[PDB]
Structure formats: structure tokens, C-alpha cells
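Side chains are part of it too, since the values below use all heavy atoms of this structure and drop only hydrogens, waters and symmetry mates. Order of listing sets the numbers, starting from 1, for every ligand and every atom in it. First the proteins, then the strands, lettered A, B, ... as listed; each starts at 1.
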Amino acid sequence: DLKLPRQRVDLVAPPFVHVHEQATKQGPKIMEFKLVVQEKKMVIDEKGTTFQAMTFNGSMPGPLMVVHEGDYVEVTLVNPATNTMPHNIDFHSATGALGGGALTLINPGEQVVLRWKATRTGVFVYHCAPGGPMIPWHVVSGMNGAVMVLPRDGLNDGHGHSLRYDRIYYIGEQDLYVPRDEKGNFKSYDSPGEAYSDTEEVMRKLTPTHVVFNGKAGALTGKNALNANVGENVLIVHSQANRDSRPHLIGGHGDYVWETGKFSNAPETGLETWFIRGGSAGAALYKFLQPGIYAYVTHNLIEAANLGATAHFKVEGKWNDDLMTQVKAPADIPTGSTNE
Amino acid sequence: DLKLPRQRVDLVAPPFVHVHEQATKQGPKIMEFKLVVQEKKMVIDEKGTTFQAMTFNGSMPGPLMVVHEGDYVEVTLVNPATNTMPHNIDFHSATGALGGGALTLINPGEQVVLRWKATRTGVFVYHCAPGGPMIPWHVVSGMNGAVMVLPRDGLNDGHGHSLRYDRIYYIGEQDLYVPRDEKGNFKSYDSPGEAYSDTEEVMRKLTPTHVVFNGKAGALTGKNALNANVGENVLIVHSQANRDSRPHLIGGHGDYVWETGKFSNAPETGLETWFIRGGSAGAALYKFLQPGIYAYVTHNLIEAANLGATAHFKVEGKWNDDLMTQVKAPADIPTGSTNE
Amino acid sequence: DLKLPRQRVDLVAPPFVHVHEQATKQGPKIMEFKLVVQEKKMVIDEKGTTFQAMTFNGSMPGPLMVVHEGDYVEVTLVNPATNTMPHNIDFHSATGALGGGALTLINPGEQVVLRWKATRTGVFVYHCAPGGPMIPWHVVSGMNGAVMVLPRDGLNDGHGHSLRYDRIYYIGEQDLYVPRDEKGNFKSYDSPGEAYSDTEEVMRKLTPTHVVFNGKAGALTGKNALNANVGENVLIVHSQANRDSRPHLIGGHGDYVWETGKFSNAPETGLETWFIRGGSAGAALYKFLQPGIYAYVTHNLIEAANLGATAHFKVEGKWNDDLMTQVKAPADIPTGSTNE
Ligand SMILES: [Cu+2]
Ligand SMILES: [Cu+2]
Ligand SMILES: [Cu+2]
Ligand SMILES: [Cu+2]
Ligand SMILES: [Cu+2]
Ligand SMILES: [Cu+2]
């Protein structure tokens, strides 16, 4: 028997993150989480396209789980009988049994309890992986999230200095493969099973129809922009379970970036754009220096602007004219100019 | 008021680079640059395909700007009235206001002056970003270049040793999206606006029709091959504002490579092939050891050979038979051989 | 004349590797290898699709060559008269003459002998590169392999500690471009020349029809699963000569990963998923901690499950319930549960 204190965590919906400590003096615990599979139709773009999604806890991405190195993570995975297919879970943070996949296959009406030891620090993908062609289909239907395993001393810069965030956001990026009819319009289906054959045809050509953050084009823009303040160190965890991405904070930088996402490696400093290899999570820390709107994109700008992959930060504070200033506002080009 | 000496820089067309110092004892300056937007039809391949391009200073890529850490960069952006649309500029090297984009939107007939402080070392992309779907369209129409921010002590190897280049070249890689007609032939248009709708359809499928260096297939081959000599340390700056690339010098290596392009990080040593994440610049230093023709490619060889993405170096010097030699020239396979 | 001892190596077919030492006290040698080009029809998927392949030594990938830093590698390349086209070889490990390509062009019925000095440590791609559009076509038809140049002291972790593998496997990943007829079925051809025009059309769209390890979907699953044991440190060399990949060991990690594949750089630790930039080889060391089946994939799961890119490891040993355990097997969801 494993004789450690137990602590139940209540997950919250992305892009927010459940409460946790960075540095901790607590010893190892059995951290208890519950993920409930939900198959449901969801809206994925600004024109109202719908999609037969499959999710952990009703969101794309699934929620961010946060533990510390040496914790045991005890996950109750639930597959309600309102669902139509089997599901499971593969933690890239875990060791053995296909990440847990081989121990968590559950039919609708069932649940299972998996424990894995958090021996490896970093941010990691988790995803459903039932077997064979169902693996990609469940993942690109939305069944993926991430887990962060923090060192007990918190983050550091790989050169002996502590790093601490004031705020954390989890950006899950999702590649979607939505069939079109002969007229070029997106097709709708009454169940995931009915969508499968047509969807697999799109998947096979490896070109997503949509690339979205937090499950939908515009999810994190407008009213749902991410808030910050000048001076705050913000950790931005980015995951992509199936396909590469290249995150960029427009008007900012990555001050410290773990592109491969693993805290045993020193972060890179001062990046413009980073790279999340498909099947992983990475993380970037940035201290905001200027107020205003920032866009956070994948820097395939076609994906960002035209397929859905733009988030906004709204940053409060005072403008720093030393860092940047408009010396002269737009004006007519001088009559006496020559420019050739 | 900012009370520093001013220095006007005259830019030159890629792949060359304006004169500059590596290590410097000069203190911070206000470095003055002018970029003039030019919309124009350009030839992009060997069969004479034309393209409605949009450029900074009439080239793809735009010119390389070079400053040092702590300089202020004062850019006059000009949009002549012969142009048809609004433009702006986003410096990935800059902090705030969408990289400057939010302070530089100018209509045809206008100019604007932006100042940004060069607080971050490395090579960085700059690009136009007017807003929404115009962002990718302006970038993939050719409106992108790069800026290098050198440490005042010059480059180093991240282990306490100075690195110095004898020669520098800037390779801007451009993904292009050219519409085809029903017969499969590339379409021509009389203006960028007229090309837009058809071009956006190609863009949406994320597969370029052309991938080119210095604006055209064959730009840097033949008569325009890049020159070097045996023994020279050559810095090769590579940018890609929208899409990943994987540079490789055929017959050489990357002796010191900043793949993510930022000089606060130690370079990697002895690479065969590196990776420029879309939306960034990187840089590789190589000391030539052998004379002859080298091809410089993205190592998706289909893109390199068939879509336009090959440059040549012509290197003068003496062959080193210790490093490589043809022991036996091609000859008939021996009658008495067995090879099974 | 180069006056060193000569040692003939007998290559073996991937995923296995010819016998070699890791650390060695032997001084530099002239290591002699022979590669024989074979053009032949090969089966590439589970439905029996055939393909006009071009290979080194009859396999995709070509065999792994292993030498040490400072060795000279003397390669006899043979192009039998049963072949139909010219071939050559470009070693990314070599310096000059397009990696050897410019010194090894041989017609059917000819052979050539190239020597290159192993001055650069790591794993490296080699591939055919006859010229122009034949370069990608020969590579994506299967003419690529890898060479490993070990330090004479063996591998280390970049922080002063020796690393040693108990077992080594070479996974060559191949992107294939197989034409389809009007009904959507893969086309068959009687020679590589006859396949060329239709194949180049698929290549131009940059989307492979198949992505395979060891030359075929399912090559390294079932009876040909890779064996290991709990406690063994296994080096997994992964190459991709034309296109990016993102390797992942399902249920494991990369304990030490040289993603760019070059042993002068310290490996990254504890990766979930790594990235092989097209045109390179990388390598991951992992010590198995749990028995069972592991899948080894590229983590574009569509490519892995649906286009062919899954291998299996079968690992013997004792299960470690501390690392992972099934706390409760699948069971009906409690009548008294609430889950909303
Ligand atoms: Cu599922
Ligand atoms: Cu996975
Ligand atoms: Cu513009
Ligand atoms: Cu940008
Ligand atoms: Cu060949
Ligand atoms: Cu190559």
C-alpha cells in the first residue's frame, strides 16, 4: 500500500489553471484528479461551423493538471453512458503501459482509476489513444490536454536563479479536419461515428481546415482576451498533441522558453518565435514591459489569421517611450522628397 | 528628448549587407533607416512566372538592418502614392505596440517614423502586418526582411571565445501561393487586389507553389552565386516569416548555429541541417575548408530542387585530399566481382 | 599515401547495426564499406501496394555505418548494370564536393571509390543526389541512410559523465509519394522511369501518401518488433532525409536526446517528443523501466496510425507498480455518482 497523504484537485477550464504552489515544502502526495469524457457537438469558428468533438471535461483542450516532482497522480477517468465510444488516456508524463493507455480503456458506462508517479519535470501532453486509427481520430476530435510537473523548488533559469510566474495560462492548440460538401461548405453530422469516414479522408491529406486555441476561432480574443499587467511574469504553456506549431507573442518575446518543455533543461533566452513539436507541450515565460493589445499566434500567419489560431492579451499599464515611440505620426510624404 | 548621436545607414539589397562593425567601442546611437514600400509585378521562377509582389525597398526579402545592443533604431517607413494599399511594420526585435505595427499604419502617400530600442540580441524577422487576413497576405506577397542586433563585443561561442565572420550573407526564404487556371498554368493579374481572392484560396491549403531565396528560383545560382574563399568564416543569416525551413550547406556544416537566432544562447556546433521556425531568423557560421560549388538548400529536397529553394556558393581555393578524395574514379565493375 | 591500418566492415540490414565498439583505444583507421545500389519493386504497405524503389544495399533505409572521430571512411559505391539510372552519394558527415556527390556519379555497370575523413561527431544522413530534380526523386524513392561518427571515448552527457548503450537500433523514416488513378487506387509501374512523371506530380504537393519506418507500414511491428529488456539503455537513431519528423516512444521518454544529432552538443534530458529536421539524423537514449509493448511513432498521429509510421518495442521484465498501477480496473460508474 502507498501510504501518503491524499489531496483532491478541482480542475478548471482552460486557459485558466487550478490553484497550486510553485515552490513547495510539502512532501510527496497522492494528487487526485477526475476527468470525465464528453462527446458533444461544439462550434469551432466565427461563421458557426459545428463539429463532433470528443473531450476531457467538456473543453478543448482538456484542463491543465499541475503537480510536483515525486507526487503520485491518481486519475479517475469516467466515460458516461451518454457517450458512444470507448476512450482511454495516455500521459506523456508517465512511464509504462503506453502512458496509461493500456490500463484505462473504458466503455460508455464505465470508469477506471490509474496512478502514475511524476518522475519527470516539465509540461507534457495527455491524450486519448484507444488503438489503431482511433488514436489520431480521438486526438484531432479534441481529446488532449496537458499536465505540468514542477520541480519542488519551482522553476529556475538553468544557471542557478529562481524563476517565478505571477500568472499562468494554458493555450491548447487544436488542428481540426472538417469535411466539405461539393459546394465547398463545411458538412455537419449527427454523431461522431457518422462524421468518421468523411473526416478520415480530410485527415489523410494532413492539412487542417481549422487551427484553433481553446477550441474555437476567436476563443481568446474580444471579451475573452487574456489579462495581464506591465511587470508581471506570465507563463504561457502551449500544447499541440498532433501537429507542429510555432508560437509568437506579437510585440513581445519569450524571455525564458523551454521549447521541448522539460524543466531539467535550461530554457532558451530572448526568443522571437518558438517551436512546439507535434505531440508535446512547451512553455514560455515573459515579463510584460508595455501595455496594450498583444496578439499570440502560431507564426504560420495563414493559420493564425485565416484558420483560427490567434489569441489576444490585454495588458494594463503605462507606456514606455524609451522602449518604443512614434517619433512622427503618419503624414504626407514631403513634396521635396526623392526616394529613388 | 533622446540625446544621442545619430547615424544614417544606407541599406543594400540582399543577399549583401550594409557596412557595419562587429565588435564596437562606440556607445549607443540612434541608427536611422528608411524603408520604402514597393508594390510591383516580379518574376519568381525560371519559366517566367510573374507575381504581384509587395516589398520593402523593392526586394524579397527586404534588406538586412544591422545594429548593436542598446542602439535605438529610428525607421522612416514610406508608402508612396503609386501603391494601392495600406502597409505597416512589425519588428520582432522590438517591444510593444505589436512590434511597431500598431504605430506605423500608413496609406499610400504617407510616411511614419518609429523608434525602437534594440534591447534583445540576435537576428529577427520584420514584416508588414496591416490587420486580420491582410497580415498573412502581405507577408507571403514578400513584405518581410530581417534585422540583426549584435552584442557590442561581437559574437561569441557561448563558452567564452570570440567568433568573427569574414563575410555575411542574408538569405530570405519566401513561400509563395500562386493561383493556377483550369489547365494547371499559373495565372497572372494586373494588380495585387485582383490576385487576392484566388491567392487566398491557395494560401488556405498551406502548400506553397514556390519556395524561393532572394525572391526567385535561381536567384542565387549561376552568375549570382555567393562567393567565398577557403579559410573564410561566413555568417549565413536565414529568415522565414511564415513557414518552417531546414537549411543545409551541401558539402559543408554549420560550425556554430543559432537555430532560434538569438545570441544570448550558445550556438550549437557541427550541425548538418538546422531549422528555422516560421516567423523567425536564425544564423549559421561556417569556415570553408574546400573549394568548389556548394549548394545551400532547404532540406526538403522537393522544395529545394522543384519549387525554387537552392542557392550556390562558389568557393575559391586549394583542394584538401586529406578531408576527401576520389580514391578510384568511375570504372567498370570487375568481371570477377560477386556483390550478392 | 595514407598509411593507416585498413578494416573492412560488413554492413547489416536495418534496424540492426554492424558490430562496433563504443569507446575505443584503437587509433585512426581506414574503415572500408561497400554500398551496392539496387533499383527494385518493393511492397510498402499492409494492403500490398508496390513501389518502384531505389536503394542502397536493397533496404530502406540504407544501412547504418558506424566509425569513430578521425577515422577515414573509404566507400566503394557500386551501380550494377541491371540498374537503369545513374546514382551517387552525398555524406552529410563529409567535407567537400557536395558531400561526395560530385565525385561519385556512376552509370549502371560502374563503381567508384570515395574516401572521406570523419572529422565531425554525430549521426548524419547519407543520400543519393544525382543532380537537379533527380535529387529529391532518388531520395524519396528510398536512396538514403545514415552514418554514425562516435567520439573515441564514446558518448557522454555533456556534463562530464559517460553514457553507454546496451543496444542500438536505426529507424529510417521514409516519406513516399505514390500516384493514384481516377478511382483513387494506388498505381503500379514497370520501372522507376515509367513512374517518374506521375510521382513528381504527387511530390510537388508536398504531402506523402505513406510515411514508413524500415521501408514499409508494419515493418517493425508484429513478428519484427524491436526487442529490449527492463534496465537496458537503448540508443534509437532516427533519420529523415527529406521531411521533418517528431519521434515519440509511447510509455517512455528520451532520457538523453541529441535532436540535431551531433555529439559535440550536450543532449537534452527527459523529452516526451523530439524533432528530426528533414535532412538529418538524431538520436535518443532511453533506459527501459517497465516491460510490455511500446509503440514508437512520429507524433503526427495521422502519419503514425494511418500512413504507416509506427514501430513496436517488446520489452521483457517485471512490472513496477510504484511507477504506474491500475488502482481500480474498469467498472460501472457508481449509481450514486454525480459528475456534473
Ligand atoms: Cu477517446
Ligand atoms: Cu502521445
Ligand atoms: Cu504591407
Ligand atoms: Cu511576426
Ligand atoms: Cu540514386
Ligand atoms: Cu543532403
Side-chain angles (χ1 to χ4, degrees), chain A residues 35-39 52-56 62 77-79 83-94 98-101 104-108 124-131 133-147 192 239-243 277-281, chain B residues 301, chain C residues 35-39 52-56 62 77-79 83-90 101 104-108 126-131 133-145 192 241 246-253 272-273 294-301 304-305 310:
Chain A
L35 292 171
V36 181
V37 178
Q38 186 172 31
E39 302 167 15
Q52 293 289 344
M54 302 197 293
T55 70
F56 298 104
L77 184 68
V78 184
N79 188 6
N83 290 329
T84 60
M85 66 201 77
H87 299 284
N88 66 350
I89 190 160
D90 170 349
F91 285 92
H92 289 189
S93 47
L98 300 175
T104 54
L105 192 66
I106 47 179
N107 293 316
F124 296 83
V125 166
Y126 67 75
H127 65 83
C128 185
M134 299 301 95
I135 298 169
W137 183 50
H138 284 232
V139 175
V140 305
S141 295
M143 296 203 69
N144 61 90
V147 53
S239 76
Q240 225 300 6
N242 194 62
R243 185 173 177 269
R277 61 232 64 220
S280 73
Chain B
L301 298 169
Chain C
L35 292 171
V36 181
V37 178
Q38 186 172 31
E39 302 167 15
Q52 293 289 344
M54 302 197 293
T55 70
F56 298 104
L77 184 68
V78 184
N79 188 6
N83 290 329
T84 60
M85 66 201 77
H87 299 284
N88 66 350
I89 190 160
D90 170 349
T104 54
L105 192 66
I106 47 179
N107 293 316
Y126 67 75
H127 65 83
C128 185
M134 299 301 95
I135 298 169
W137 183 50
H138 284 232
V139 175
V140 305
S141 295
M143 296 203 69
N144 61 90
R246 58 216 56 71
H248 171 83
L249 180 63
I250 304 181
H253 297 90
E272 68 188 304
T273 301
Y294 294 69
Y296 176 88
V297 297
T298 182
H299 217 290
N300 182 319
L301 298 169
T310 298

Subject >> A:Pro130 vs A:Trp137 side-chain heavy atoms within contact, under 4.5 Å >> reply: no
Subject >> Approximate separation, where rounding is to 0.5 Å, of A:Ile135 CD1 and C:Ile250 CD1 >> reply: 6.0 Å
Original post:
Can you tell me how far CD of C:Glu39 sits from CG of C:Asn79, rounded to the nearest 0.5 angstrom?
Top reply: 6.5 Å
Original post:
Of all N/O/S atoms in C:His87, which lies nearest to the Cu ion (ligand 5)?
Top reply: ND1
Subject >> With the Cu ion (ligand 2) as the apex, the NE2/NE2 angle for C:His299 and A:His92 - to 10° >> reply: 100°
Subject >> Contact flag A:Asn88/the Cu ion (ligand 1), N/O/S atoms, threshold under 2.8 Å >> reply: no
Subject >> Spacing of NE2 belonging to C:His138 relative to OG1 belonging to C:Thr55, to within rounding of 0.5 Å >> reply: 12.0 Å
Subject >> the Cu ion (ligand 5) to C:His138: nearest N/O/S atom name >> reply: ND1
Original post:
Roughly, to 10 degrees, what angle do A:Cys128 atom SG and A:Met143 atom SD form around the Cu ion (ligand 1)?
Top reply: 110°
Original post:
What distance do A:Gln240 atom CD and C:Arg246 atom CZ have between them, rounded to the nearest 0.5 Å?
Top reply: 9.5 Å
